[PDB]
Amino acid sequence: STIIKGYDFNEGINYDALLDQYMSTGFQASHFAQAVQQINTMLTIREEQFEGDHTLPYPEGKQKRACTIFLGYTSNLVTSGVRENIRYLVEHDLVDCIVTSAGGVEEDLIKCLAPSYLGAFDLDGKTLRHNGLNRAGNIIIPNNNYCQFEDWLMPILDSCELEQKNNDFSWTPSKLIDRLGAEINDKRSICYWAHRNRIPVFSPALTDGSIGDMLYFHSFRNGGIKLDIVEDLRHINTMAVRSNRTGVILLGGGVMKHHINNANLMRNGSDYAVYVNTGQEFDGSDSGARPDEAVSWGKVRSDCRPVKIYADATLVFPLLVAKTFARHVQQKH
Amino acid sequence: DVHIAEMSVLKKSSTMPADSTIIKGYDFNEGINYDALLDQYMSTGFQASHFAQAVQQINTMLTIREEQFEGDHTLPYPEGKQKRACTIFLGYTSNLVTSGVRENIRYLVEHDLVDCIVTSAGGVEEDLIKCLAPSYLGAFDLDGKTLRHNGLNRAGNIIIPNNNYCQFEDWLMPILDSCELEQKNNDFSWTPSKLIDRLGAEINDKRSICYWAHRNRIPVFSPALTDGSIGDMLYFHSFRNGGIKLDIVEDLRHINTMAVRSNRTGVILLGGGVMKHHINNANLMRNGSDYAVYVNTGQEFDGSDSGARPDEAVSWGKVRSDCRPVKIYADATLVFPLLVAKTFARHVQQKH
Amino acid sequence: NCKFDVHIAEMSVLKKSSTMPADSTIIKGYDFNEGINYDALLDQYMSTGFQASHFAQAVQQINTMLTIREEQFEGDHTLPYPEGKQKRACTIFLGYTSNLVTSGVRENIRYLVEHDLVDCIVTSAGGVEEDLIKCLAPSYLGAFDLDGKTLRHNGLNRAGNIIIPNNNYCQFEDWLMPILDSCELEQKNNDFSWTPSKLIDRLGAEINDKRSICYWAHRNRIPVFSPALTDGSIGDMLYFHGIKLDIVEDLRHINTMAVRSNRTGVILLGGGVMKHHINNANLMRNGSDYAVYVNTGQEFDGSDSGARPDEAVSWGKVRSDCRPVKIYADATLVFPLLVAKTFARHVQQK
Amino acid sequence: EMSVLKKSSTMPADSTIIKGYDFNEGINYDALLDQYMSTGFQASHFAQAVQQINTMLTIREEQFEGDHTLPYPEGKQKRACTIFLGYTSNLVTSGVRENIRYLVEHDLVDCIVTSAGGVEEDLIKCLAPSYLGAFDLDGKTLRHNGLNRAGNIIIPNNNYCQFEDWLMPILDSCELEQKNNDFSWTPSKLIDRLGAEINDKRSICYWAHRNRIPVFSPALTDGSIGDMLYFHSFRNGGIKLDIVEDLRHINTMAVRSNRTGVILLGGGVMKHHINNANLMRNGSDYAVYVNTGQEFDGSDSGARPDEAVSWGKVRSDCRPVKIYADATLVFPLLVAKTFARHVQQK
Ligand SMILES: NC(=O)c1ccc[n+]([C@@H]2O[C@H](COP(=O)([O-])OP(=O)(O)OC[C@H]3O[C@@H](n4cnc5c(N)ncnc54)[C@H](O)[C@@H]3O)[C@@H](O)[C@H]2O)c1
Ligand SMILES: NC(=O)c1ccc[n+]([C@@H]2O[C@H](COP(=O)([O-])OP(=O)(O)OC[C@H]3O[C@@H](n4cnc5c(N)ncnc54)[C@H](O)[C@@H]3O)[C@@H](O)[C@H]2O)c1
Ligand SMILES: NC(=O)c1ccc[n+]([C@@H]2O[C@H](COP(=O)([O-])OP(=O)(O)OC[C@H]3O[C@@H](n4cnc5c(N)ncnc54)[C@H](O)[C@@H]3O)[C@@H](O)[C@H]2O)c1
Ligand SMILES: [Cl-]
């Protein structure tokens, strides 16, 4: 049994030791330390040799690893500075699959055109609207950002519609997001690195946002394009079924959390699971449900020892990356 | 010491406006009158005041919706759908269909009190599956490994036995075979709303929200229809002969155009997630909704769209500045049945 | 290949399920096609699930307390504090936070105390003050988003979406100072030892207003315990004003009340000292027999406020045989409806 | 297109661009945490809280006008800024105890308000340890084994039995000193005594007593100490704890302060008591909240700092920061960036 004792600053300011001793601190600090162990286990197994097919069918030529890591995050996380932390993960090819919402895709792309700014939660809606300043928490995203996005996007959508009509090509969210990653051609973009490293980005509700607004506007031109979500479901589910092992790292809740968990039901559950969300169990929401709820469904395995950290991900994810993904890249070099 | 302290704590205060509401709860010495009790939630404060404000907002929507208005009295989708003076968008999450609030939503749809529904895959499937088999009251603290061994799925303190889903598969596969045939032969493009209309027609059960939505030409939009048991069925089904394509772009055109062509719009959002953003985003197209009630447990501090206040939506133009949006911070199972008692149900009773 | 993918997946997703017990409750909400019947609607909260089910379980627990409380029992039918207090078969401890008294809930608590349906109260300094201050002047409905600097310049104090004008406190000072002069005199001349409960009994007698919880608590010999009574306006007045408030005597009084009880029920609206103090008193008798918690706190931060009732069972503050119930909700939304289905129904039945 | 493509005003030239820390630059924790300011949401609040506490600490070291001594404790010395630190009992049950102890040990805070549990668990940890358990452990099973649960932490019941053995003799002396010397006990006086008696450099209460930092607890009877006080009163009547004298001490400390700063971990009486003391001097100058409380229920616990401004408990010119978080996650890191950096600098 582990004795409760925090870090003693009489020993000096050692961040690595401080965060190790989160294990003996208790409450969510202990969950932080358990989450570091779970992710380091995923990253370790992922570098091991394994039996069978070393290729995955989607995308074409995607290599398989001992452990398939599914990374899920909400749109607000991309809107915040956590985007740089997620980009680092995808850039260094440390995750195999992404699930995010329309917001998670567009804000990442829009940031390559124009920045977002620190505001406050208590700014008045009518005053902000008069000035075309959109509020996401304490973050300002000027509406000119979206105007620039429209200018950038329509020519790409014209090409996509042409490829649909001429080549009988069936667009899915993941195929479209792969394309927008290739087009943005920016080493600061998560979507760019996902395209480069053949990490598919699935977004069943991709119409729910600016990309939606543009697709809607684009349709008047010549009828528009079609986005099939059934094919994309085949892709994510098959990836899980064909995996040697799976880990899930879910930041936030909503569709992203359920989709990744559902895909892992197809293989009778994930082997490793970290949740980093602020949701609560009392309302009966999937968002606030505990990892042990997912075990009842068979979406997380019984031998797995899932960890959930109840915290804002902007506070804890950058520190998780410091202790896991970043340490792993530093060790390899 | 005492003189400095008195200056800070003894400060004189301005006169309050003459219209100001006095805080006074319901006095049970007057007897048990539920209508009076819930009216006096207005002078109770905190969320109780928000409950009373929400009753007023929904009753305003329902009142305006009965009125005459100028212009086109038809909406393009579904075909031949009549337009009212206010278009009411009802949004709910999957767990609210897994709860008994399903019966409250069904009553609204059956009585043609709302014009448009947005819900998730769960919100559709659970409603259909409840016509085949029941869900049961369990507890939140039931062990996952033990429940899994027994094929008992847990959703909060509710048990959905996995045989319910096996039955769903038996029921759904033949319908998907017909849908695929209609896609191949008639060059028909399926969307979530078109598929949910079809499943409503097939279930043919007066206990189903989806049945009444079909019957009353109330479209159900679900952009992420593949996220659930329906997706699982869709997955398995694709191996039989290739499968069905579900286009989300056409369904976006339908909901956005419904908003753009509305005389007025009200939004009633139970929960957060895609449902909330999708309805709010459709109303951006007309420069915001005229009336808005949120009933969710989300918090602002994490910056999530889910936990955001209605005034955030005003900044984007998804809710009008004129609008006086109300959020109740509560579990919908506690407050929504009582909202229906004071709003929708009162309206049907008054009419009949 | 394709065939193996779909057949592996079907095995995981199509698992057969065990039979549910025959007494299992089917999830079914209230059907408004049956008409608007609030009593039936709230009964069927039991089969609605999530917190609605907890509401229905809480109604049953409180109705059990009120039922047992009317029964005959064995032994001493008197409690030592206050002097000449009648013991019932169940002692009900009511706890509530200051904000609840700030809200319209106060009228619901006053009704309970007025009709002598609870035996003991624990609240904070605010819970005592606001109730007294509402006899002198009213509180108004404002909004959560009102600016602090603007409100301060106007002497308007904000408590959630409720406004308490600072003149209310000035009036309180005028009213309280003469009472504190008398109390101090009684301390000096009669060697009297003041406790929070003794002082709150006195302020109840002085306010002499049938709208006041504290007035009815005094009248019905329902003790009000407030260990941190210095934490507020009463504190401010005691600061400006030579009286000693002993909290050790008051602790003996609440603990002995628990130890000498035939049965105990706890009804806790909120969290904080109120919750910990009532739960601690019941540890002395190896736990309460019935317990309803109505609060918004969460477990994850390890707070006493957010702890679930099962955690208390670990301490022995709540009994193993008890079936405690917690509703995760704002009390202003649920407490008046609990009173409609429990305390009010009970008074109507008699 | 008219509604969705509306043109936007230019942002001020000083506006902060949202950019998180790039791990391509390597693992630098000081740079990472500086970059929380541009990160957004709570991360931004973390960075603003570091600035507020560093302002308090920096100001505290400077010279100021007037009396340089405080009345309570008698030998207490006043500083340019008086820092009031508040914490709930669960943070003392956690390893954050070691972080609080470091603050008090290095005389970096002047006043302390906590609950009975915040005092008890600090002393009991010098007698026997607490262990890491889980939130989901069954109450009946734990009770059968005499294991008390606080969140995911186990406090074996023998810990409290040892406490009782340690505390009763001390209480006997306190009662003797009340009867013979006509001494009036307050919570702060009793907690000072317990700190002296524990005589253990791991204890917050030990360092508080040694550095003349007072610990106020208006509801010091609410817990194991109260239980001991209850049993002990049956011998010869027991001790008397006056809360009015202790109110005079904390209020006067604030009223005589050149400047005041508040650091509140959690809510409850601790938060209101410190805020109320500062109301006497027309509010605190600097304020950091770390709690998980929400505004919606109207509780004082979940109230934003701007509510406290309406009452005059926090000043208008102050720029209060709340971090919405479990303090076990953020407080150790706040100490790394503020209090520890300060001790390292001097
Ligand atoms: N405003 C925007 O940024 C924006 C932009 C365009 C589209 N959208 C759309 O809005 C919809 C709703 O967003 P969503 O579904 O991605 O998420 P959401 O807002 O529904 O959040 C899901 C849940 O995740 C948790 N969570 C969120 N942020 C967290 C954080 N920082 N730390 C910890 N937990 C956190 C919360 O419990 C929350 O309820 C999406 O469909 C998206 O496409 C949003
Ligand atoms: N657990 C299930 O019931 C279940 C089963 C099948 C499908 N799904 C899928 O899970 C995904 C995510 O679920 P979702 O988006 O429908 O909801 P969700 O669980 O993500 O809830 C989103 C937010 O709604 C609010 N909320 C939830 N329940 C509430 C209540 N009772 N009262 C008030 N507010 C409440 C909360 O703020 C919560 O963060 C969906 O794509 C859905 O199809 C879930
Ligand atoms: N701002 C005020 O209203 C005010 C005024 C004067 C005195 N005070 C003092 O503030 C201190 C703190 O207040 P407290 O200890 O009474 O409670 P609190 O404000 O600390 O509330 C504690 C917990 O109770 C729960 N809760 C509160 N209100 C609720 C509600 N309406 N519904 C459901 N759950 C609810 C929440 O989980 C909260 O975290 C006390 O010492 C009190 O005397 C407050
Ligand atoms: Cl095509």
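Residues numbered from 1 in each chain as written, not as in the entry; some residues may be left out. Chains lettered and ligands numbered in written order. Heavy atoms only, no water. Residues with missing side-chain atoms left out of burial classes, pairs and counts.

### Focus on the sheet that holds strand 3 (residues 131-132) of chain D
Residue and element names in this part refer to chain D. Formally: Each pair of strands is called paired provided DSSP finds at least two bridges between the two strands. Counting from the N terminus, the helices are DSSP H or I runs at least four residues long and the strands are E runs at least two residues long.
A sheet is described by the order of its strands in space; here three strands give the open sequence 3-5-4, paired in antiparallel fashion. The strands lining the two open edges of the sheet, one partner per strand, are strand 3 and strand 4 (147-150). As paired elements, strand 4 and strand 5 (residues 153-156) share four bridges and run antiparallel to each other. Its bridge partner lying in strand 5, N148 is registered against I155.

### Comments concerning the site of ligand 3
Inclusion rule: A cutoff of 4 Å decides nearness: a residue is near a molecule or strand if any of its heavy atoms lies inside that distance of it. Polar contacts here mean pairs of N or O atoms no more than 3.5 Å apart (in protein, one a potential hydrogen donor and the other a potential acceptor; neighbouring residues in sequence count only if both atoms are side-chain atoms). To measure how exposed things are, a 1.4 Å probe is used in the Shrake-Rupley method; for residues, cover is taken only from the protein chains shown. Residues are grouped as follows: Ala, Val, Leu, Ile, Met, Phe, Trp, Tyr, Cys and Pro are nonpolar; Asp, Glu, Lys and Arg are charged; every other residue, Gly included, is polar.
Around ligand 3, the structure places 23 residues, and the nearest of them are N99, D231, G271 and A331 of chain C together with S301 of chain D. At 2.8 Å, a backbone N or O of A331 of chain C approaches a nitrogen atom of ligand 3. Here an oxygen atom of ligand 3 and a side-chain polar atom of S301 of chain D are 2.7 Å apart. In isolation ligand 3 has 850 Å² of accessible area, and contact with the protein removes 95% of it. Elements represented by at least two residues in the shell around ligand 3 include exactly helix 4 (98-102) and helix 6 (125-136) of chain C together with helix 13 (269-279) of chain D. Looking at side-chain class alone, the shell around ligand 3 contains five nonpolar, 14 polar and four charged residues.

### What to know about the sheet that holds strand 6 (residues 133-136) of chain A
Residues and elements named next belong to chain A. To keep things clear, this is the line we draw: What makes two residues a contact is simply this: any of their non-hydrogen atoms within 4.5 Å. Each axis is a line fitted through C-alpha atoms, and for a helix only the stretch in contact is used; angles between axes span 0 to 180 degrees, taken between their N-to-C directions.
If you walk across this open sheet you meet the three strands as 5-7-6, and the pairing is antiparallel. At either margin of the open sheet sits one strand with a lone partner, and together these are strand 5 (117-118) and strand 6. Sheet topology places strand 5 next to strand 7 (residues 139-142); two bridges connect them, and they run antiparallel. When the bridges of strand 7 are listed, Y117 appears paired with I140. Against the sheet, helix 7 (residues 144-167) engages strand 6 and strand 7, with an angle of about 45 degrees to strand 7.

### What about the nonpolar core?
For clarity, the cut-off: Working definition of a nonpolar core: buried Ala, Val, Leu, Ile, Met, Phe, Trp, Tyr and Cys residues. They are joined through side-chain atoms within 4.5 Å. Only protein chains enter the accessibility calculation, which uses a 1.4 Å probe; a residue whose area is less than 20% of its type maximum is buried, one above 50% is exposed, and one in between is partly exposed.
Membership of the largest hydrophobic core comes to 373 residues, with the highest contact counts inside it found for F32 of chain A, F51 of chain B, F55 of chain C together with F46 and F331 of chain D. Apart from residues lying up to four places away in sequence, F46 of chain D is in contact with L315 of chain A together with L33, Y36, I323, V330, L333 and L334 of chain D.

### Describing the interface of chain C and chain A
Contacts between the two partners involve 14 residues from chain C and, on the opposite side, 14 residues from chain A. Sorting the residues of the side of chain C that touches chain A by element identifies helix 1 (2-13) and helix 3 (50-69) of chain C as the ones contributing at least two each. In terms of residue count, the dominant contributor to the side of chain C that touches chain A is helix 1 of chain C (six residues). Looking at the side of chain C that touches chain A residue by residue, the class counts come to seven nonpolar, five polar and two charged.

### Observations concerning the UniProt feature "binding site: NAD(+)" (unreviewed entry) in chain B
All names here are of chain B. To keep things clear, this is the line we draw: UniProt positions are given in the numbering used here, feature names are shortened, and annotations may be inferred rather than shown by experiment.
UniProt marks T93, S94, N95, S120, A121, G122, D227, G272, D305, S306, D331 and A332 with the feature "binding site: NAD(+)" (unreviewed entry), using the numbering shown here. These annotated residues cover 240 residues of sequence, and their C-alpha atoms reach 23.2 Å apart at the extremes, leaving them scattered rather than at a single site. Note that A121 resides in helix 6 (residues 121-129). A121 has contacts with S222, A224, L225, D227, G228 and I230, leaving out every residue within four places of it along the chain. Structurally, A332 is set in helix 15 (residues 332-342).

### Section: the interface of chain C and chain B
Opposite the 84 residues of chain C that make contact, chain B presents 89 residues. Per-element accounting of the side of chain C that touches chain B gives the leading share, eight residues, to helix 15 (residues 331-341) of chain C. Along the lines of polarity and charge, the residues of the side of chain C that touches chain B split into 43 nonpolar, 26 polar and 15 charged.

### Here we look at the site of ligand 2
Around ligand 2, the surrounding shell holds 28 residues, and the nearest of these are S287 of chain A together with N95, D227, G272 and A332 of chain B. At the site occupied by ligand 2, nearby residues are drawn from chains A and B. The backbone of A121 of chain B places a nitrogen or oxygen atom 3.2 Å from an oxygen atom of ligand 2. Interatomic distance of 3.1 Å between a side-chain N/O atom of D331 of chain B and a nitrogen atom of ligand 2. Here ligand 2 loses 96% of its free accessible area of 850 Å² to cover by the protein chains. When contributions to the shell around ligand 2 are tallied by element, the ones reaching two or more residues are helix 12 (255-265) of chain A together with helix 4 (95-98) and helix 6 of chain B. With four residues, the top contributor of residues to the shell around ligand 2 is helix 6 of chain B.

### A few points about the pattern of salt bridges
Counted only if it meets this: A side-chain nitrogen of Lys or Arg and a carboxyl oxygen of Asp or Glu constitute a salt bridge if their distance falls within 4 Å.
In this structure the tally under the stated criterion is 75 salt bridges over all chains. The partner of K342 of chain B in a salt bridge is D35 of chain B, and the shortest N-O contact between them spans 3.3 Å. Of the two residues, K342 of chain B is situated in helix 15 and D35 of chain B in helix 2 (residues 34-39); the sequence distance between them amounts to 307 residues. On the accessibility criterion, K342 of chain B (9% relative accessible area) is buried. A salt bridge links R102 of chain B to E103 of chain B; its shortest N-O distance comes to 3.1 Å. On the basis of relative accessibility, which here comes to 7%, the residue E103 of chain B falls in the buried class. What you see here is one network of salt bridges that share partners, running through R135 of chain A together with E300, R309 and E312 of chain B.

### What about the pairing of strand 9 (residues 264-269) of chain C?
All names here are of chain C. The buried count for strand 9 comes to six of six residues, which makes it a mostly enclosed element. Residues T264, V266 and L268 point to one face of strand 9 and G265, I267 and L269 to the other, with burial holding for every one of them. Inspection of the sheet shows strand 3 (residues 91-96) paired to strand 9 by six bridges, in the parallel sense. Across the sheet, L94 pairs through a bridge with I267, a residue of strand 9. Summarising the sheet, strand 9 and strand 10 (residues 290-295) pair through five bridges and their orientation is parallel.

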